[PDB]
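Protein chains in written order, with the entry's author numbering: chain E, 97 to 193, 211 to 589; chain F, 97 to 193, 211 to 590; chain G, -1 to 15.
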Ligand SMILES: Nc1ncnc2c1ncn2[C@@H]1O[C@H](COP(=O)(O)OP(=O)(O)OP(=O)(O)O)[C@@H](O)[C@H]1O
Ligand SMILES: Nc1ncnc2c1ncn2[C@@H]1O[C@H](COP(=O)(O)OP(=O)(O)OP(=O)(O)O)[C@@H](O)[C@H]1O
Ligand SMILES: [Mg+2]
Ligand SMILES: [Mg+2]
């Protein structure tokens, strides 16, 4: 019953095998049960007090990890550097002699034995950001059809028809940018494309969730910035190496950068710090250089289109610049339909007029509420934009509208309904509740604007030809 | 019978297991008195002179604490670092396969065996976020009934009634913005909310002591600033990860950004500083990002909401906006009633007019002081504001009342009463002391105004419709 | 006199056993 263990090193024609055991190298004879032909270098074997190899086993799974330095000419050995800058030449085991063991890979190794087995880095923490795949799909996004069509053509279409693209000698777009006013739905598309990619990977390759999620990376913005000089660039290089490794000309890898302005700037706008002055060239070289990413798509989302560096906002890097505009009446109706589901409880007062037809009643309520909020009445007057020319312009609450505001209004209406059912005991959302929620929201978001706001007024000022000099809230 | 100890590694169908003993891995059988199937990976087992398992013990060991980097894909091994920047792959023990393991958490490990037996939680601890539970409750705040009701509905109501919200498919708010003029009371509401949450965690659930301290992570504006590149972002990520991991279903965790105005200024504003273009994006990404908060409410108090970045004030990140208004006559009466309680010593001469009725005497004194503060006389004429048209609007001290001012008036009256006790020997409180305190405060606040002052134009010029072009101090002396 | 952040550079240390 008491049996030892050891590490196989090499094989000979004398039916003998070299085994490292107890800190010493010995040569031993294999039992007749085991055949030496199937043995491979680095395999773990079982020993005994009689010192005979009895059975082979899987390779070692734990130990110190050492960054690979270089691959020797023979191919059976490689130079690897330890944690404290110690360099050793170690044999390469069977599994490493799949993806080539390219230099710069921290290989799992045993210093005493002198053999390698595996590797990995910290960029996987990005994959840990998307531990839960969002369940929102394209069916849950309303008011945007051309934008969804473009984003599907940029990502899903090239991989849906490989032969047609090959015949026309067309490659999938290298990058996609999404820009627009806050709350217009950029992150919704950003997470819907990730959900679709996860579904595709689950249905095509395998049902395992981790591998499916491994094809989407979430940067989160300034997560790359680090304390030490030259470490953020190394992190970016590792991220792009990880991206290029997973690509196979039929499996896209989507690296999503959120709030592009956080880490990318014009290299001169940095006042307190100029880390972007070094970060930007590294990413530019990674995206397009002597060696270019064959099958990697970079999706960036930002709220300040102009503040990004011109080099990034160039064809060949960010091919399609999708613009998401503030919802109009039709988009508002679509969003309300997406939120005011048919299954929500509705008061019998509302169903009395429409014989209990829930769908027709909800559609009529949605049309009434969107008409109420999209009304050019003196009660909806918000601001007076002036210019040097003098063409004073009256803006309404409808101009500063987005899907987030619609969701907030629906939530407030639901809260009012729940308060009413708690106090009185009659359930059901009412039409008057939505109107009250609208006016309360427009009252709550009244004293927001500051002295000067370059958020969305720059475009209007350029349209009118003159710059804004005064704005006032026109209430009471 | 001397019996040794070893570390179990793995189990096999042959009823024999591998044990790390004396620095070597040995495959040994199990005695009939102990079940091999009941054994678990990374278990301290007992051996003997014949090298046979006789007992299995708890996962107790002394080992170095290593910072977790990342769990492997197979889910059984994890990468850790050391003091000398030494990285190792270690199998996870049975308890670590329990809360989800996260990077940056110290794990007790023995490098020789490479097993992480447990996770040390106190190694990664933050005391700056924790705040002492204040004594102030909802009953101690007056004049803000609507605001208190609104904040109650925003915070406490969803967690008390979860079934109804699930039935209506409604999620709790993901942010509250309390904003207003100085001294009107915003930290007080935060203290009341923190105290209510402490009570809910203490008596409703009864977990243990110090559990109330764990919730309501409180951070001030300047606290997050550091001297490095990409270090404040690390603090933001750590605090949001802590809030996410501590919160459970129906369990509310509130992060208070007191003095929101100073930090998180509008991007592109401020030539001297540029930290905003880095701190604000991290906050915008953490809240309502690709991966969203589940049961986290972010409360922000600011005297300059206009200064806050427009991207964070939009719905989805700060939904419920609550504006604190300056007290009116009824609010002033309520605030005075919140301070002039019946336990304060009252002079016998003070109670003589009402035959010793303390409640009626206090109510009458409160009415008198409120009337004195809210009387438009030459004594209360503070400033005159002249617009472009030239018309003058007279602003009194009543337009600059605040709960802090009322508390200071009461404290000054108490100090004057104690001075009277020390000098003349007559105990109690006098209404004339309150009147004198009013006069002293309104005379002291005469030199505060300047050519241009904040917090008044946004509330005056909107109704007037004319830009404020001059402010003049009224009669002096 | 605009306030500026910093990025440090580590120095290697010699440790045995
Ligand atoms: N069709 C729609 N258009 C816009 N917004 C929608 C739509 N449907 C739902 N929403 C709501 O709008 C909210 C904001 O969307 P999203 O998170 O995509 O904007 P965002 O990318 O955060 O904007 P920013 O990054 O500028 O802050 C979401 O929480 C979502 O519930
Ligand atoms: N009902 C009330 N309304 C207003 N203030 C009150 C009330 N009750 C007591 N106070 C007193 O008002 C004082 C100031 O309150 P608080 O500290 O909340 O102002 P603040 O919000 O910090 O102002 P700022 O944020 O501009 O500094 C407190 O010390 C408190 O004792
Ligand atoms: Mg977004
Ligand atoms: Mg305060």
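Think of the CB as a built atom: it goes at the ideal place given N, C-alpha and C, for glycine as much as any other residue.
- Cβ contact annotation for residue 489 of chain E (same chain, cutoff 7 Å, sequence separation greater than five): 509, in chain order.
- By the 16-neighbour rule on beta-carbons within 10 angstroms, residue 294 of chain F is buried.
- Taking every protein chain shown into account, the CB of residue 367 of chain E has 16 or more other CB atoms within 10 angstroms, so this residue is buried.
- Only those residues of the segment 274 to 302 of chain F whose C-beta falls short of 8 Å from the nearest C-beta of chain E are listed: 274, 277, 278, 280, 281, 282, 283, 284, 286.
- Here residue 480 of chain F is not near residue 522 of chain F, since their CB atoms are 8 Å or more apart.
- Each residue's CA atom was taken as its position, placing residue 465 of chain E and residue 299 of chain E some 40 Å apart.
- Fewer than three beta-carbon pairs drawn from the segment 251 to 261 of chain F and the segment 375 to 391 of chain F are found closer than 8 Å, and the two stretches are therefore not classed as touching.
- Close partners of residue 342 of chain F in chain G (Cβ separation under 8 Å): 3, 4, 5.
- Between residue 469 of chain E and residue 290 of chain E, the C-beta gap is not smaller than 8 Å, which leaves the two residues out of contact.
- Secondary structure note for residue 272 of chain F: its alpha helix (DSSP H) is the uninterrupted segment 258 to 273.
- Think of a sphere of 9 Å around the beta carbon of residue 177 of chain E: no beta carbon from chain G falls inside it, the nearest being about 13 Å out.
- Closest option to residue 286 of chain E, judged by alpha-carbon separation, among E:132, E:433, E:418, E:249: E:433.
- Contact annotation for residue 237 of chain E against chain F: 166 [CB-CB distance below 7 Å, chain order].
- Residue state for residue 415 of chain E is assigned as strand, using DSSP reduced to three classes.
- Bridge partners of residue 1 of chain G according to DSSP: none are assigned.
- By the Cβ-count criterion, residue 416 of chain F is buried, with 16 or more other Cβ atoms from all chains shown falling within 10 Å of its own Cβ.
- Note on residue 274 of chain F: under 16 other CB atoms within 10 angstroms of its CB, so exposed under the neighbour-count rule.
- Spanning the alpha carbons of residue 99 of chain E and residue 360 of chain E requires a straight line of approximately 45 Å.
- Here residue 140 of chain E is not near residue 116 of chain E, since their CB atoms are 8 Å or more apart.
- Note on geometry: alpha-carbon atoms of residue 457 of chain F and residue 580 of chain F lie some 47 Å from one another.
- Looking at the DSSP output, residue 187 of chain F bridges to F:173, F:228.
- Taking a Cβ-Cβ cut-off of 8 Å, the neighbours of residue 13 of chain G in chain F comprise 180, given in sequence order.
- For residue 496 of chain E, the pairing in a beta bridge is given by DSSP as E:508, E:586.
- When C-alpha distances from residue 376 of chain E are compared across F:393, F:370, F:499, F:365, the shortest belongs to F:393.
- When 8 Å is used as the limit between beta carbons, residue 416 of chain E is near these residues of chain F: 424, in chain order.
- A heavy atom of ligand 1 is found nearer than 7 Å to the CB of residue 401 of chain F.
- In the displayed model, residue 102 of chain E falls within a strand according to three-state DSSP.
- Secondary structure of residue 214 of chain E (DSSP, three-state): coil.
- By the C-beta criterion, the segment 151 to 169 of chain E is judged to be in contact with the segment 129 to 143 of chain E, since at least 3 inter-stretch pairs fall below 8 Å.
- Within chain E, no C-beta atom comes less than 7 Å from the C-beta of residue 225 of chain F; the nearest is roughly 11 Å away.
- Take the alpha-carbon of residue 363 of chain F and the one of residue 567 of chain E: they are about 40 Å apart.
- Contact between the segment 211 to 226 of chain E and the segment 157 to 166 of chain E is present: three or more C-beta pairs spanning the two stretches fall below 8 Å.
- For the C-beta of residue 187 of chain F, the chain E residues within less than 7 Å are, from N- to C-terminus, 158.
- Looking at the backbone, the Cα of residue 529 of chain F and that of residue 428 of chain F are separated by about 49 Å.
- Taking residue 356 of chain E as the centre and dropping the five residues before and after it, the same chain places the C-beta of 330, 366, 368, 406, 409 closer than 8 Å to its C-beta, in chain order.
- Of all residues in the segment 255 to 273 of chain F, none comes within less than 8 Å of chain G when Cβ atoms are compared.
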